[PDB]
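Beneath this line is the structure, given in C-alpha cells, with notes to follow.
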Amino acid sequence: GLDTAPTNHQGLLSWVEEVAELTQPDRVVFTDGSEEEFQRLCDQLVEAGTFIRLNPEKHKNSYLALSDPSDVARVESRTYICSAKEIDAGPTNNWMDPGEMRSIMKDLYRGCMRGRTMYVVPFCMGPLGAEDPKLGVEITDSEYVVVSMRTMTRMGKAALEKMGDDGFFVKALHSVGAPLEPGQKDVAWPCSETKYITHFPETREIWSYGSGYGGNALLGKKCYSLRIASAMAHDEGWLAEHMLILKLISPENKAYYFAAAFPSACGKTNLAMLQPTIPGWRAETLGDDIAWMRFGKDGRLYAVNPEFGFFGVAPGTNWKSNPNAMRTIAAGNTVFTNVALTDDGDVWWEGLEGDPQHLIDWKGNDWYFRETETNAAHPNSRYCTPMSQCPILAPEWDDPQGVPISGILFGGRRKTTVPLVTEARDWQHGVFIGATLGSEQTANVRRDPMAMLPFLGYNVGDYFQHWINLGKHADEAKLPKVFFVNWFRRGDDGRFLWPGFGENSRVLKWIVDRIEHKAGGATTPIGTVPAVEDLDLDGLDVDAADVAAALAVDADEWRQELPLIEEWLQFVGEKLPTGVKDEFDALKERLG
Ligand SMILES: Nc1nc2c(ncn2[C@@H]2O[C@H](COP(=O)(O)OP(=O)(O)O)[C@@H](O)[C@H]2O)c(=O)[nH]1
Ligand SMILES: [Mg+2]
C-alpha cells in the first residue's frame, strides 16, 4: 500500500503490511497528530456527512456527529477476554478459546477495509515524559476514530518517535466492518450488525470489529486503559483502575490527592470537578475515569491519568450542576456525538439550559417541545474534549511521576444500609470493601468490584489477590487509607438523607481530618464511621437527624446483607483469595 512512512520500526512496518494484505484498503495513511491533519480529517468528515460543523461564533472548531441508531454504546455481550485458559478470564468475563476467536475475526477482517483508508494511528498512554511510557498503534478505517483518538490520547509524531526501531507497543486493530464495492456510495456512519471487541491478554492485543462508537472503537479509553492495562499491572507490580483523581486543597495550603472508583451513573464526573462548599477549600482534577497507580521509590502510591481528553455523557450536564465541565466545552475544539442541533447551528440536550421549541434530534428528525415522545439528545450522547481546556485541571496533570494518593474511595448507589462514609480498618479490609461494592443497579443490588465489573482483563479472584499482595508487601504507614462512601441513602419518605454534590466536600473534609489525626470515628462492624458531631455541618441547611440516619450502621440491615455478599463471593469461584473470605468471616463475626 502507501508506505513512505516516517519510521524505521520494522516490527510495526511488518504488522501494518500483514494487516493491509488481509483487509485490502485502498491506501494506508500514518497519522501525525498535527493541527493541520485534524482540520483535513474534519473537512473529510463534514463532506462525508458524518460531521456537521457547529456555528463558529458560538464554538471554536467543534462538530456534531450522528451515529447509526444501531451502534450507540456498549455491547458487553460482544466483548471477550481471550486468554489461553478460560480460568484466567474468570466468571466476570466472556471467554472463548483464542484459536477459535482468531478464526472468526480473520474471516471478518478479510477484505473489510475495501474502498477505504487504513489509518495507522500511533499513540501514548500517559504523560509522555515517562521512562518507559506505555504506547500503542491503532489501525482503523474510521476517521471519526482518528479525530477522537487525537483528543483522547497523545497521538502522532511524538508517540511514533518514542517507539524507536524496536520499542514494544500495544497492537490494536479496529474496523467498522462496512466494506464498499467499487461503485458504491457510503453512509454517514458505517457499522455492522456483527460486533466483537476482543482482548488478547498474553500478546497484549486488542481486536475490534463492527462498531465505530466510543469504547468499542476508541481503543485507549477502556480496551487499553483498563483491560490490557490491568493485565500489565498484574504482571508488572502496579494497578490499572476505574478511578477519578481529585486534588483537594485545604484553607492553607495543603494538597491531598484522592482516587475514587464509582460505577458509571454514580458520580465520578461530579466528584472529579467538585466545587467545595466550605470556605477556603479548592479542588482541582487530574482525571475522571482512569487511574494508573504505582509505588514510588519512597514508599507511596502515585497516580497518573493515562488519557488526554474527556469523553463525558452530555445529558444532564449544565451550568448549575457542572460548570467546570461546561467551561471546558466552551473552549471548543469539541466533538459532540448524538446530541441535538439548535435552530441556529448550536447543540442542545435534555438538562441543558434554555427550552428550545424546535430541534433536529440525533436521528436527524424534527423534534418539538411538549410533543415529540423521544429524547432530542440520545440519552448516552457524548462529548469529546481536550483535558487541557479544563479550567480546574491541576498543573501536575502532565507530570509523569504522578501524585501521591492519600485516600482511595469506593462507592455506589444504595438506598439503604451503607452509610454516607466508612473508613476501612486496614488494607486487607480495604480490598474487601472494594471487592464487595454493590450498587442498585441493573440495565436489585449489583456487585461491581472496584467499579471494574465490565473492565477486568483477568480473573476477578486473582485481581483481588493482586490487591492484597501489593498491600502485604508495603509500609502500611505509607499506604492510602481506603473509604467507602454512599451519597444515595434515603429516608422513609424516600428523600436523600444527604444533599451531596458540592456538599460532599464535607465528607472529604472528614477524610482529610482523619489523615491529620483530627476527627473522631466509632468502631462499628463494617469499619469506623463518624458521628454527626465529627463532620463539619456549619453552614449547611440540613436536619441533624437526617445526617445521623445516613450515618447509621444497623446490625439487622447488615445481617440481611451477608447472604448477598456470600452469593457474590461464591460466584467469584476458585480464585477467591483467603484474605477476602477471612474478611467476610470477620464481618460476619462482628455482626453475630
Ligand atoms: N443525590 C446525589 N446524586 C448525585 C451525586 N453525584 C452525582 N449524582 C447523580 O448521578 C448522576 C450523574 O453522575 P455523574 O457525575 O455523571 O456520574 P458518572 O457517570 O459516574 O461520571 C446524575 O443523575 C447526578 O445528579 C450526589 O452526590 N448526590
Ligand atoms: Mg450503578
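Identifiers in the C-alpha cells: chain A, B, ... in order shown; residue index from 1 per chain; ligand index from 1 in order shown.
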Extract the full set of helix (DSSP H, G or I) residues from region 30-241 of chain A according to DSSP on the backbone, and format it as a count of residues only. 69
May I have the residues within 7 Å of ligand 2, computed using only C-alpha atoms and all ligand atoms, as a short mmCIF file (atom, residue, chain, number, x, y, z; two decimals) with N, CA, C and O atoms, in the first residue's frame?
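Contents of pocket_39.cif, as written:
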```
data_model
loop_
_atom_site.label_atom_id
_atom_site.label_comp_id
_atom_site.auth_asym_id
_atom_site.auth_seq_id
_atom_site.Cartn_x
_atom_site.Cartn_y
_atom_site.Cartn_z
N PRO A 263 -19.08 3.20 39.90
CA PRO A 263 -19.58 2.83 38.56
C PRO A 263 -20.23 3.99 37.83
O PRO A 263 -20.52 5.02 38.41
N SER A 264 -20.45 3.86 36.55
CA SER A 264 -20.95 4.99 35.79
C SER A 264 -22.41 5.19 36.22
O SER A 264 -23.05 4.22 36.65
N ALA A 265 -22.87 6.45 36.20
CA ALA A 265 -24.21 6.84 36.76
C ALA A 265 -24.22 6.96 38.27
O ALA A 265 -25.29 7.20 38.87
N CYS A 266 -23.04 6.84 38.88
CA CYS A 266 -22.89 7.04 40.34
C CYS A 266 -22.07 8.24 40.83
O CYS A 266 -22.03 8.49 42.02
N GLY A 412 -21.15 3.22 45.54
CA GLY A 412 -22.21 3.12 44.54
C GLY A 412 -23.51 3.59 45.17
O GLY A 412 -23.51 4.07 46.34
N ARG A 413 -24.60 3.42 44.41
CA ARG A 413 -25.95 3.73 44.90
C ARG A 413 -26.51 2.63 45.80
O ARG A 413 -26.69 1.49 45.37
N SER A 439 -24.26 -1.80 44.04
CA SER A 439 -24.99 -0.65 43.55
C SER A 439 -26.30 -1.09 42.94
O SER A 439 -26.35 -2.04 42.17
N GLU A 440 -27.36 -0.36 43.25
CA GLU A 440 -28.69 -0.69 42.70
C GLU A 440 -28.97 0.27 41.60
O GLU A 440 -29.35 1.39 41.89
N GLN A 441 -28.81 -0.10 40.33
CA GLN A 441 -28.39 -1.41 39.83
C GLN A 441 -28.70 -1.50 38.33
O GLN A 441 -28.97 -0.49 37.69
N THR A 442 -28.67 -2.71 37.79
CA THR A 442 -29.44 -3.07 36.56
C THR A 442 -29.11 -2.37 35.18
O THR A 442 -28.27 -1.46 35.08
#
```
Contacts of ligand 1, 9 Å or closer, only C-alpha atoms and all ligand atoms, given as JSON, numbers by chain: {"A": [244, 261, 262, 263, 264, 265, 266, 267, 268, 269, 270, 271, 272, 273, 288, 289, 312, 313, 314, 315, 316, 317, 321, 322, 413, 486, 487, 488, 489, 496, 498, 499, 500, 501, 502, 503, 504]}
Would you export the selected residues with C-alpha atoms as a CSV table (one decimal), in the first residue's frame, please?
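result28.csv was written with the following content:
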```csv
chain,number,residue,atom,x,y,z
A,244,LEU,CA,-11.2,9.7,39.2
A,261,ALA,CA,-14.0,4.2,41.9
A,262,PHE,CA,-17.7,4.5,41.4
A,263,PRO,CA,-19.6,2.8,38.6
A,264,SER,CA,-21.0,5.0,35.8
A,265,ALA,CA,-24.2,6.8,36.8
A,266,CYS,CA,-22.9,7.0,40.3
A,267,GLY,CA,-20.9,10.3,40.3
A,268,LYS,CA,-17.3,10.1,39.1
A,269,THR,CA,-17.7,13.2,37.0
A,270,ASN,CA,-19.3,15.3,39.7
A,271,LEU,CA,-16.8,14.4,42.4
A,272,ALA,CA,-13.8,14.9,40.0
A,273,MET,CA,-14.9,18.5,39.3
A,288,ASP,CA,-12.4,11.5,35.9
A,289,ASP,CA,-12.2,8.0,34.5
A,312,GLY,CA,-18.3,12.7,29.1
A,313,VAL,CA,-22.0,11.9,28.9
A,314,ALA,CA,-23.8,15.0,27.6
A,315,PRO,CA,-27.4,14.7,29.0
A,316,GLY,CA,-27.7,16.3,32.4
A,317,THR,CA,-24.6,18.4,32.0
A,321,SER,CA,-24.7,21.1,38.0
A,322,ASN,CA,-21.2,21.2,36.3
A,413,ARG,CA,-26.0,3.7,44.9
A,486,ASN,CA,-22.6,6.3,49.6
A,487,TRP,CA,-24.3,9.6,48.5
A,488,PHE,CA,-27.6,8.0,48.0
A,489,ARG,CA,-29.2,6.6,51.2
A,496,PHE,CA,-32.0,11.7,50.3
A,498,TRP,CA,-27.6,13.6,52.3
A,499,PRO,CA,-27.7,16.5,49.9
A,500,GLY,CA,-24.5,15.5,48.1
A,501,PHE,CA,-22.8,17.3,45.2
A,502,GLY,CA,-20.7,20.3,46.3
A,503,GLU,CA,-21.5,19.4,49.9
A,504,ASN,CA,-19.7,16.1,49.5
```
Polymer residues at most 8 Å from residue 277 (chain A), only C-alpha atoms, same-chain spacing of 2 or more positions, as a list in words: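 After dropping sequence-adjacent residues, the list is residues 275, 279, 281, 502, 503, 505 and 506 of chain A.
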Compile the contact shell of residue 565 (chain A) as a list in words: residues with an atom at most 10 Å away, counting only C-alpha atoms, same-chain residues fewer than 2 positions apart removed. residues 435, 436, 437, 438, 447, 560, 561, 562, 563, 567, 568, 569, 570, 571 and 584 of chain A
Please produce a file of the residues just selected, as a PDB file, in the first residue's frame, where the atoms kept are N, CA, C and O atoms.
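That gives us result_19.pdb:
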```
ATOM      1  N   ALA A 435     -13.947  -5.003  46.813  1.00  0.00           N
ATOM      2  CA  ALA A 435     -14.385  -6.287  46.313  1.00  0.00           C
ATOM      3  C   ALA A 435     -15.842  -6.565  46.445  1.00  0.00           C
ATOM      4  O   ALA A 435     -16.316  -7.468  45.767  1.00  0.00           O
ATOM      5  N   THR A 436     -16.539  -5.827  47.311  1.00  0.00           N
ATOM      6  CA  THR A 436     -17.934  -6.106  47.682  1.00  0.00           C
ATOM      7  C   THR A 436     -18.872  -4.995  47.243  1.00  0.00           C
ATOM      8  O   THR A 436     -20.045  -4.974  47.597  1.00  0.00           O
ATOM      9  N   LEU A 437     -18.345  -4.076  46.455  1.00  0.00           N
ATOM     10  CA  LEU A 437     -19.035  -2.863  46.110  1.00  0.00           C
ATOM     11  C   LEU A 437     -20.306  -3.262  45.452  1.00  0.00           C
ATOM     12  O   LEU A 437     -20.268  -4.035  44.486  1.00  0.00           O
ATOM     13  N   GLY A 438     -21.414  -2.757  45.999  1.00  0.00           N
ATOM     14  CA  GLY A 438     -22.751  -3.001  45.493  1.00  0.00           C
ATOM     15  C   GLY A 438     -23.469  -1.716  45.095  1.00  0.00           C
ATOM     16  O   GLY A 438     -23.304  -0.671  45.706  1.00  0.00           O
ATOM     17  N   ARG A 447     -23.300  -6.355  42.371  1.00  0.00           N
ATOM     18  CA  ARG A 447     -21.918  -6.292  42.801  1.00  0.00           C
ATOM     19  C   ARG A 447     -21.013  -5.929  41.660  1.00  0.00           C
ATOM     20  O   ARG A 447     -20.982  -6.584  40.632  1.00  0.00           O
ATOM     21  N   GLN A 560     -29.112  -8.902  56.966  1.00  0.00           N
ATOM     22  CA  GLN A 560     -29.710  -9.069  55.625  1.00  0.00           C
ATOM     23  C   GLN A 560     -28.707  -8.987  54.428  1.00  0.00           C
ATOM     24  O   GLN A 560     -28.938  -9.548  53.328  1.00  0.00           O
ATOM     25  N   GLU A 561     -27.639  -8.236  54.602  1.00  0.00           N
ATOM     26  CA  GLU A 561     -26.650  -8.088  53.540  1.00  0.00           C
ATOM     27  C   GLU A 561     -25.746  -9.332  53.331  1.00  0.00           C
ATOM     28  O   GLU A 561     -25.329  -9.664  52.198  1.00  0.00           O
ATOM     29  N   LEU A 562     -25.444 -10.019  54.421  1.00  0.00           N
ATOM     30  CA  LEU A 562     -24.430 -11.064  54.388  1.00  0.00           C
ATOM     31  C   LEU A 562     -24.727 -12.170  53.339  1.00  0.00           C
ATOM     32  O   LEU A 562     -23.797 -12.638  52.673  1.00  0.00           O
ATOM     33  N   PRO A 563     -26.011 -12.569  53.165  1.00  0.00           N
ATOM     34  CA  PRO A 563     -26.189 -13.609  52.147  1.00  0.00           C
ATOM     35  C   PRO A 563     -25.922 -13.141  50.720  1.00  0.00           C
ATOM     36  O   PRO A 563     -25.442 -13.921  49.893  1.00  0.00           O
ATOM     37  N   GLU A 567     -23.380 -14.932  48.235  1.00  0.00           N
ATOM     38  CA  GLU A 567     -23.665 -15.380  46.871  1.00  0.00           C
ATOM     39  C   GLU A 567     -22.557 -14.864  45.961  1.00  0.00           C
ATOM     40  O   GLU A 567     -21.943 -15.616  45.210  1.00  0.00           O
ATOM     41  N   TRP A 568     -22.302 -13.560  46.058  1.00  0.00           N
ATOM     42  CA  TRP A 568     -21.327 -12.924  45.203  1.00  0.00           C
ATOM     43  C   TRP A 568     -19.945 -13.520  45.346  1.00  0.00           C
ATOM     44  O   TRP A 568     -19.212 -13.678  44.368  1.00  0.00           O
ATOM     45  N   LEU A 569     -19.594 -13.849  46.579  1.00  0.00           N
ATOM     46  CA  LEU A 569     -18.308 -14.436  46.849  1.00  0.00           C
ATOM     47  C   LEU A 569     -18.186 -15.875  46.314  1.00  0.00           C
ATOM     48  O   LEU A 569     -17.096 -16.329  45.935  1.00  0.00           O
ATOM     49  N   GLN A 570     -19.309 -16.588  46.332  1.00  0.00           N
ATOM     50  CA  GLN A 570     -19.368 -17.936  45.776  1.00  0.00           C
ATOM     51  C   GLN A 570     -19.242 -17.868  44.293  1.00  0.00           C
ATOM     52  O   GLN A 570     -18.632 -18.718  43.673  1.00  0.00           O
ATOM     53  N   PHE A 571     -19.850 -16.830  43.735  1.00  0.00           N
ATOM     54  CA  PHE A 571     -19.806 -16.598  42.312  1.00  0.00           C
ATOM     55  C   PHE A 571     -18.416 -16.265  41.847  1.00  0.00           C
ATOM     56  O   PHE A 571     -18.096 -16.467  40.684  1.00  0.00           O
ATOM     57  N   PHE A 584     -14.673 -11.668  55.124  1.00  0.00           N
ATOM     58  CA  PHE A 584     -16.113 -11.923  55.102  1.00  0.00           C
ATOM     59  C   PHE A 584     -16.501 -12.608  56.403  1.00  0.00           C
ATOM     60  O   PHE A 584     -17.582 -12.349  56.961  1.00  0.00           O
TER      61      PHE A 584
END
```
Contacts of residue 376 (chain A) at 7 Å (only C-alpha atoms; same-chain gap of 3+ positions) as a list in words: residues 339, 340, 349, 361, 362 and 367 of chain A
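Each of A:520, A:430, A:354, A:525 was compared to residue 552 (chain A) using only C-alpha atoms, and A:525 turns out to be the nearest.
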Using only C-alpha atoms, determine which residues lie at most 9 Å from region 540-543 of chain A, disregarding the query and same-chain residues fewer than 2 positions distant; provide the list as a PyMOL selection string. chain A and resi 497-499+503+536-538+545-547
Excluding residue 245 (chain A) and its own-chain neighbours fewer than 3 positions away, which residues fall within 8 Å of it when counting only C-alpha atoms? Please give them as a PyMOL selection string. chain A and resi 257-260+272+285-288+291+303+305
Nearest to residue 206 (chain A) by atom-to-atom distance, counting only C-alpha atoms, from A:13, A:326, A:139, A:249: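 When distances to residue 206 (chain A) are compared using only C-alpha atoms, the smallest one comes from A:139.
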